[PDB]
């Protein structure tokens, strides 16, 4: 084995650079190194609140990306366009790192590596795909079994359970993969108190955070997905008012231009998987936010070439 190795059992920037190249070239991280990253990131994640609360000073910025779905080559492209993560270039990836795309193992170990390297500046929130039900069906379990073992997959599942569910920046912008709630009256403190180390329930706020979608019309609707609800602009306004927030950023739906701003400015979607599943033809975006100005700035990008593996090849 001549690939990337941890230094004194820990991730370093030189290791991350070697890993990205190893992966670009379609090579596999030694099972022992993958194991070490999984055990170490589980420890880090298990210490975090369900609601990560981050302060951005007025000179600081942060980049928010939505779903990536195993599109490793597009992930590399985000880092080339926007710079590598660092203490001065923080990232939030908003769920759905795996499944559908056929380089899910490469995406997740790269993201985990950076979480380890910059724990206070590199943020991962759970998506509806960081769950067992979903992985068993949509490729990630298949991909892990092919590249490693069922045992490695079980370890991934355990780590996913520790991913936080939401992140609030400056007490003003709340970020979650899915969206808001099937019931009124949910508070930031309620989110902080969610016992999140589990597979999500079929209902309730942990389910909603991972699964809900905005709708244009006032009210709530039963979701077409068969889980959670669609929520209207009235739901969003009431939630922001109670919680003294300005707006929410969420992901979880493909958008032709990579983003959408709904509810009169209150509910932003960001989606970071361009030409989703080699078929959608959509643009992707990431968002920049600055401490001095938390309004969202959208940066669009398009798909780049990848090796000839079809989406869902391991599904």
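Positions refer to the first chain, counted from 1.
Asker: Comparing 5-13 with 298-306, where is the mean C-alpha B-factor higher?
Answerer: The recorded data point to 5-13.
Asker: Is the mean CA B factor in the deposited entry higher across 227-235 or across 196-204?
Answerer: Here the higher of the two C-alpha B-factor means belongs to 196-204.
Asker: Going by the CA temperature factor in the entry, name the top one among 125, 180, 146, 240.
Answerer: Out of 125, 180, 146, 240, the record gives the largest C-alpha B-factor to 146.
Asker: Going by the CA temperature factor in the entry, name the top one among 80, 74, 130, 189.
Answerer: Out of 80, 74, 130, 189, the record gives the largest C-alpha B-factor to 189.
Asker: Thinking about Cα B factors across the chain, which third does residue 118 belong to?
Answerer: Within its chain, residue 118 is a middle-third residue by C-alpha B-factor, going by the deposited values.
Asker: State the tercile, meaning the lowest, middle or highest third, of residue 218 with respect to the CA B-factors recorded for its chain.
Answerer: It belongs to the middle third of the chain when residues are ordered by C-alpha B-factor.
Asker: With respect to C-alpha B-factor, does residue 55 fall in the lowest, middle or highest third of the chain as deposited?
Answerer: According to the entry, residue 55 has a C-alpha B-factor in the chain's highest third.
Asker: When the deposited Cα B-factors of this chain's modelled residues are ordered and cut into thirds, is residue 281 in the lowest, the middle or the highest one?
Answerer: CA B-factor rank for residue 281: highest third.
Asker: Just say lowest, middle or highest third for the CA B-factor of residue 89 relative to the other modelled residues in its chain.
Answerer: It falls in the middle third of the chain.
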